[PDB]
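Q: Residue numbers (the authors' numbering), protein chains in the order written: chain Ap, 2 to 92; chain AA, 53 to 103; chain Ag, 2 to 115; chain Ak, 2 to 70; chain AR, 63 to 182.
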Amino acid sequence: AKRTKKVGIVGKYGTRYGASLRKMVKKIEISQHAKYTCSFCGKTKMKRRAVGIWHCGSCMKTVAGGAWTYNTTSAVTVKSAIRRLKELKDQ
Amino acid sequence: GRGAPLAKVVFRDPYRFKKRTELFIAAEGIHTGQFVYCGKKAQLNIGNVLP
Amino acid sequence: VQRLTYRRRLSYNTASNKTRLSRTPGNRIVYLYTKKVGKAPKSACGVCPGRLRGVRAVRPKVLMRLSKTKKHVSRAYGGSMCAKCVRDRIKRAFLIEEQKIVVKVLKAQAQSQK
Amino acid sequence: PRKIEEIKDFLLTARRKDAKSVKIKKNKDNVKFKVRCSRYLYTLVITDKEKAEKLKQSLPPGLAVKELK
Amino acid sequence: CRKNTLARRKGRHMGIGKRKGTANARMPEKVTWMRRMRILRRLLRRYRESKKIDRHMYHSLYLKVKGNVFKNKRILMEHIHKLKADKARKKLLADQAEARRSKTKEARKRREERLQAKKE
RNA sequence: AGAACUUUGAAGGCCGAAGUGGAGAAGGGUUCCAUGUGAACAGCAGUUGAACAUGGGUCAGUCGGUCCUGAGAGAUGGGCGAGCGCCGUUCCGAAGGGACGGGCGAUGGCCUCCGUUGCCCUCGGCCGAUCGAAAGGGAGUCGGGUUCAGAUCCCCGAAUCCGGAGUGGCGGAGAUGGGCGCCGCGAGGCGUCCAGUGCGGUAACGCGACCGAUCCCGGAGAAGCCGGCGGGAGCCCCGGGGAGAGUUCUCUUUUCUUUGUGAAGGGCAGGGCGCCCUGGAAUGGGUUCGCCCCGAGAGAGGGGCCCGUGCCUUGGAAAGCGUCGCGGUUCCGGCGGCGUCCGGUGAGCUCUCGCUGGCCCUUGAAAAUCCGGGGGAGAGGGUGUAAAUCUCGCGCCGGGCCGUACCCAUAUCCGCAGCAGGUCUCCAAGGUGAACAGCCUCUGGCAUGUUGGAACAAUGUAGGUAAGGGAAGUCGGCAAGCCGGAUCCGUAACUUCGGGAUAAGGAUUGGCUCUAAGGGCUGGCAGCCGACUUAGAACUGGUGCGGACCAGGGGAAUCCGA
RNA sequence: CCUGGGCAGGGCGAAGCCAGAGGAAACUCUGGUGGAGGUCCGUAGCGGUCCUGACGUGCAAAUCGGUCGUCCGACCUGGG
Ligand SMILES: [Mg+2]
Ligand SMILES: [Mg+2]
Ligand SMILES: [Mg+2]
Ligand SMILES: [Mg+2]
Ligand SMILES: [Mg+2]
Ligand SMILES: [Mg+2]
Ligand SMILES: [Mg+2]
Ligand SMILES: [Mg+2]
Ligand SMILES: [Mg+2]
Ligand SMILES: [Mg+2]
Ligand SMILES: [Mg+2]
Ligand SMILES: [Mg+2]
Ligand SMILES: [Mg+2]
Ligand SMILES: [Mg+2]
Ligand SMILES: [Mg+2]
Ligand SMILES: [Mg+2]
Ligand SMILES: [Mg+2]
Ligand SMILES: [Mg+2]
Ligand SMILES: [Mg+2]
Ligand SMILES: [Mg+2]
Ligand SMILES: [Mg+2]
Ligand SMILES: [Mg+2]
Ligand SMILES: [Mg+2]
Ligand SMILES: [Mg+2]
Ligand SMILES: [Mg+2]
Ligand SMILES: [Mg+2]
Ligand SMILES: [Mg+2]
Ligand SMILES: [Mg+2]
Ligand SMILES: [Mg+2]
Ligand SMILES: [Mg+2]
Ligand SMILES: [Mg+2]
Ligand SMILES: [Mg+2]
Ligand SMILES: [Mg+2]
Ligand SMILES: [Mg+2]
Ligand SMILES: [Mg+2]
Ligand SMILES: [Mg+2]
Ligand SMILES: [Mg+2]
Ligand SMILES: [Mg+2]
Ligand SMILES: [Mg+2]
Ligand SMILES: [Mg+2]
Ligand SMILES: [Mg+2]
Ligand SMILES: [Mg+2]
Ligand SMILES: [Mg+2]
Ligand SMILES: [Mg+2]
Ligand SMILES: [Mg+2]
Ligand SMILES: [Mg+2]
Ligand SMILES: [Mg+2]
Ligand SMILES: [Mg+2]
Ligand SMILES: [Mg+2]
Ligand SMILES: [Zn+2]
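1. Identify which residue in Ap:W69, Ap:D91, Ap:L89 has its Cα closest to the Cα of AA:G55.
2. Counting Cβ pairs closer than 8 Å, one from the stretch 53-69 of chain Ap and one from the stretch 28-43 of chain Ap, do we hit at least three?
3. So for Ag:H73, helix, strand or coil by DSSP?
4. Cα separation between AR:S112 and AR:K92?
5. For Ag:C86, report the span of its alpha helix (DSSP H) as first-last.
6. Give me, in chain order, the residues of the same chain whose beta-carbon lies closer than 7 Å to that of AR:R162; leave out the 5 immediate sequence neighbours on both sides.
7. Taking Cβ positions, are Ag:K36 and Ag:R54 nearer each other than 8 Å?
8. Here's the rule I'm using: 16 or more other beta-carbon atoms within 10 Å means buried, otherwise exposed. How should Ak:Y43 be labelled?
9. So, are the CB atoms of AR:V127 and AR:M99 less than 8 Å apart?
10. For Ag:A41 versus Ag:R52, is the C-beta distance shorter than 8 Å?
11. For Ap:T63, which residues in chain AA fall below 7 Å Cβ to Cβ?
12. Using a C-beta cutoff of 8 Å, does AA:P103 count as contacting chain Ap?
13. Hey, would you say Ak:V23 sits closer than 8 Å to Ak:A53, going by beta carbons?
14. For AR:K165 and AR:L154, I'd like the C-alpha separation in whole angstroms.
15. Compare the C-beta of AA:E80 with all C-beta atoms of chain Ap and state if any pair is closer than 8 Å.
16. Measure the C-alpha to C-alpha separation of AA:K92 and Ag:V104 and round it to an integer number of angstroms.
17. Put Ak:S59 into one of helix, strand or coil per three-state DSSP.
18. So Ag:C86 packs on Ag:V56, CB below 8 Å; how close in whole Å?
19. Would you give the residue range spanned by the beta strand (DSSP E) that AA:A79 belongs to?
20. Could you check where the beta strand (DSSP E) with Ap:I54 kicks off and where it finishes?
21. Report the CB separation of Ak:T14 from Ak:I8 in whole angstroms; it is logged as a contact under 8 Å.
22. Just to confirm before moving on: does the CB-CB distance between Ak:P61 and Ak:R16 stay below 8 Å?
23. Expressed to the nearest angstrom, what Euclidean distance is found between the alpha-carbon atoms of Ap:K44 and Ap:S59?
24. Could you confirm whether any beta carbon from chain Ap is found closer than 8 Å to the beta carbon of AA:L75?
25. Using 8 Å for Cβ pairs, my map puts Ap:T63 next to AA:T73. What's the rounded Cβ distance?
26. Rounded to the nearest angstrom, what separates AA:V101 and AA:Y89 at their Cα positions?
27. Exposed or buried, Ak:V36, counting other C-beta atoms within 10 Å across all chains shown (16 or more means buried)?
28. Kindly list the residues whose CB is nearer than 8 Å to the CB of AA:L75, restricted to its own chain and excluding five residues on each side of it in sequence; keep chain order.
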């Protein structure tokens, strides 16, 4: 069945620590405990290690990623800007 | 004690027949098996430390 | 139900003082010590985890007593590579050598055209 | 404690010098020969009493022999 | 205590008033589930080894035993009897319909051969 | 001489496996043990003691220190300081005395040829001397017996490691093959030439051994906590057998005790495998309690590896144990017979191995040591004759220094003492029960905690009841008492929607007969063999049922602090 | 700071998963499995609230007895 209606993953804390804090911890605990699809092997076995380290069960290929998700949107912006300024007139 | 993840990049030493091992701060988006290019005229991508 | 005790003058249940229990010929439950388990040498350099096959797995200083069959595999890169690394590195080295020959003769043909 | 199976290899080992003692033990269903050479106790188990008697007959004479009960 | 334990095995001294832990403490839910589902998940193998159920319906009943549908071995066997008796009826009726279709296609192709021979 | 206390017997008790038990670390220092005394000390006494006096007792290549580094501490170089000195641990330093081969030279032994020494060439980061753990790292020993006191040390028997062996102990590999031509019937031999730094399996890998230097690479050493689950052991439990003991008023094929195989080697179970081959899968399939896995190769079949602490074998029945007898005063680890069996079950306990998962802005030690691999400078017999070498099987020699007694505590330590205080760990049975809860027994200890006798006044200190009323007492429901376990019902206001909540309130609970359900193993749906749980029914006891022990009063509100 | 050691049973039942029912979709409902928590009753352990209980020239220059708080942790603890 559906055992909780709102708290989702944050129900392990209970009635303490505060509403907005649980609300803001929800949206990134789901991110850090979610399995991600590896861009290398194509399986869905990414798992977060210690902070900043991501690991896939197949092929043991360990990628330095974001602290809570797999890619920071700012980091994707920086990578697009780096390839643009790369092929901009060859330095 | 450091929030940054720490990369262990191995180099070839051009003077003694020996591999040397250094410790770089892991730039966002490198992974085990990506080559790291460093030097003056090194091409510009993520991880490539250059002047 | 015979309660039984350490034989040495240790007391603390350390990692080194790790014990089992047996039965004497003299009809008595005694408390016999145990050498620690020696994990096998694991694979060379970054590959999928798993110890190297066909190696007598012991503590380090045990390896002085052992003969020169039970420490290595008959293959080249015996007790270091896990043989999937061997059948990768051979193909990798050969193909990179062939690509270097192709790039070198391409430079030669480019200079011939120029 | 090592176990010998052939009579030949046992006998050669018995004549292999600095083996100082042979015990002979009789049993309900078999008979055993103990050789105390060095670093080891060489046991030959055999079930045929006639073979044991002819082996002890052909046993080398300078070596000590002790029967156990 | 041997006399008392034989009285326990009869089923005496075991009402409400001489229990003190909960039912989940006396015989746990996880233990009930492990025993129950190891029994039901090896009975399906004992059928699948022989021929009691084919490879495709094995997986459906495997998931339906993983889900809390079947309580025990007897009603599992009663339900496998019903599914097998349903599959046999449906395959019999389909084979009879395919026999009728084979008769009609045979007759049509033979009539086409008859008209071909009337042409040549 | 003397007995409320000493010792023995009998009886009744306690500690009740998280102990008043069996042993240790730190500490104590002879208290350990025997003999003798009872003057003082033990707060009464004492024939006794941890008191006094005499005399004994601590045996180790394989137990630990020694060795390694950790948190750190500390010296020279350097700097500072009136100055004993301080700072400082790579910083401002010429901080390696070693080796490989080669050459020149010398010396000595069997001057064959080995062994030294001097010089020269080549090579060689030390992230720095040295110290730092009787719980971290660290090769290698277990069983039986033995004393008034020892014990993995003494003995008996069985093993193992580390070194060393130069004229290289003894064997085995390296190793002896093939062609040519001739002779010989042939078997073989002659002569010439050539090879020979091992072999097998498609693999995963295997065998008894398998030349290797400077150097380089890697692994082991080397990893947290918590869940689950599987195997193995030990213990407990059940059924049958065998020895001995108890009960027999009446019954009880009854109750209890006892019922063994060391390290090391070989083999076989078993478990695990991210380890290979054949082979292509979707109507998706395989598997866990949970997951998880699959074209980067699932299922299926066949192979391979590791742990093998389990079983068998060697040790090993000669011992050990139980029991029944026979001899020697003693001195005998005497002597002899008999036996030391079968099986089964398990959310059972405890330990360990392995798998997998969860948790993290915690990522969970370093080094001595040892090994493998990459490379191939070199080394060696050159042929009918054998070496360079060897981590293989045997054989020889040695393993130095120190600690080792005992308490480890309601009497050997600290606390001014034989002081309810304090102090670090291991093993831990049966029943009830959820359980290591509390209560009662068994192994194993013990005399009630620095005294006894007589009587049962007050006040006490700990405990327990009370007719009626139920907070009226008192600053105050302080104290004590009520509910208390489980099952089945039922659960509000409020709210961060997770709770509140075991809310509040009810009922039921015993003994004894059953009934129903919940499984394993066999065979071409049927036959044998078993676990402890749940639901229901009847009978019945003086309304009695968590019967002792175990054990939440509750609600309504306010203030403050998440 | 380093190196080791230690913590019985149970109640509450999140994420993830499975099955069934409904829905056109979004998704919802029901029964299991699952075992998270600076989580709840409670053992050892650690503290010391109340009785202003015992003692108060004591057993003791801070103890004892009931009654207590917390026990996977910002936990407890030995040695260096
Ligand atoms: Mg559950
Ligand atoms: Mg008298
Ligand atoms: Mg007394
Ligand atoms: Mg008692
Ligand atoms: Mg004790
Ligand atoms: Mg006195
Ligand atoms: Mg005396
Ligand atoms: Mg004494
Ligand atoms: Mg004295
Ligand atoms: Mg010895
Ligand atoms: Mg040692
Ligand atoms: Mg100094
Ligand atoms: Mg100076
Ligand atoms: Mg040191
Ligand atoms: Mg140690
Ligand atoms: Mg002995
Ligand atoms: Mg002793
Ligand atoms: Mg040697
Ligand atoms: Mg197990
Ligand atoms: Mg063995
Ligand atoms: Mg079992
Ligand atoms: Mg001692
Ligand atoms: Mg005391
Ligand atoms: Mg005390
Ligand atoms: Mg224990
Ligand atoms: Mg018990
Ligand atoms: Mg029970
Ligand atoms: Mg007495
Ligand atoms: Mg006393
Ligand atoms: Mg009254
Ligand atoms: Mg009354
Ligand atoms: Mg009333
Ligand atoms: Mg008032
Ligand atoms: Mg009170
Ligand atoms: Mg009352
Ligand atoms: Mg309330
Ligand atoms: Mg409370
Ligand atoms: Mg207000
Ligand atoms: Mg507060
Ligand atoms: Mg809590
Ligand atoms: Mg509460
Ligand atoms: Mg309580
Ligand atoms: Mg407590
Ligand atoms: Mg206390
Ligand atoms: Mg206190
Ligand atoms: Mg107090
Ligand atoms: Mg007071
Ligand atoms: Mg007084
Ligand atoms: Mg609590
Ligand atoms: Zn991957």
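Every residue gets a Cβ at the ideal spot worked out from N, C-alpha and C, and that includes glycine.
A: Put simply:
1. Ap:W69
2. yes
3. coil
4. 31 Å
5. 85-114
6. none
7. no
8. buried
9. yes
10. yes
11. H83, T84
12. no
13. no
14. 17 Å
15. yes
16. 24 Å
17. coil
18. Ag:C86 to Ag:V56, Cβ: 15 Å. No contact.
19. First-last for AA:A79: undefined, no H or E at that position.
20. 54-57
21. So it is not a contact: roughly 11 Å between Cβ atoms.
22. yes
23. 8 Å
24. no
25. Ap:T63 to AA:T73, Cβ: 17 Å. No contact.
26. 7 Å
27. buried
28. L58, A59, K60, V61
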